[PDB]
């Protein structure tokens, strides 16, 4: 998520209701509803007890969307990006640490305070996601597991004209160049739509309303793919790009301290990190549901060597990616767990 991007571009925000997209197709970032659902039953989950509160929690929103004549497409995360591997394992070890410190020191030492480190160690496994997938398919709702980060898949679905809007709580979707994003949506169906075309309504934004410059801004302000520089946020980065006239972004990144009148020394690794972050936002591997193949988010431009974009995802055979997308193949063990076929 981008730090307070929603508040920054408020002028481009529009309070709507889901009824706006009646008789239309909308993709859904199911991970948000999954995470929000894994709270009211977090205890029973971490104890090792079969609970399905999060399932009904997601199906609440699903049936809510169905009640307004909308066709939802639930999208899930798949293989972890090669760049976010170490972060994943780190957060994993942190959750293991909380789980370890919340089993003996809080169950015998401070019994009255056990659900402290017992609720801060939650992980959305593929098993839970699949448990949601079954219940969703049982209602005739289409499901699609992304080959990697669901963000890029949703972005594709929106940019390909397959879906009209993207329902999420993650601010990263805006940086991917989505045309329609519905945030902060409650159980009743009231959310905030951000149309890309209306990005020009933001006076504070300046001439940073183009997809490329907006992307550069989101990356420079800090994101999952790259951490922000010290004393750098949305305003200062936006100012950097707004006061920039150079076609080449690299030189601007080098002169960032010169544009902001700040004593900032640019790290050599930060440049490459920026290049990789941008190439990840641009050419992250997604799954085409129509042509049934594994393609990047956008078409490769002239200034990019596709054989160097390993961090943005690695290619697999179309049949394998097809079995991943359907949810039939386990992400970890790479074996078939289901025999679901969309043509039968």
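Positions refer to the first chain, counted from 1.
- Between 301-309 and 273-281, the higher mean Cα B-factor belongs to 301-309.
- Between 63-71 and 49-57, the higher mean Cα B-factor belongs to 49-57.
- Going by the entry's values, 100 shows the largest Cα B-factor out of 197, 100, 234, 146.
- Take 109, 78, 222, 177 and read off each C-alpha B-factor from the entry; 109 has the highest.
- Remark: residue 289 belongs to the middle third of its chain, ranked by C-alpha B-factor as recorded.
- When the modelled residues of the chain are ordered by C-alpha B-factor, residue 212 sits in the lowest third.
- In the deposited entry, the Cα temperature factor of residue 158 sits in the bottom third of values across the chain's modelled residues.
- When the modelled residues of the chain are ordered by their C-alpha B factor, residue 204 lands in the middle third.
- In the deposited entry, the Cα temperature factor of residue 186 sits in the middle third of values across the chain's modelled residues.
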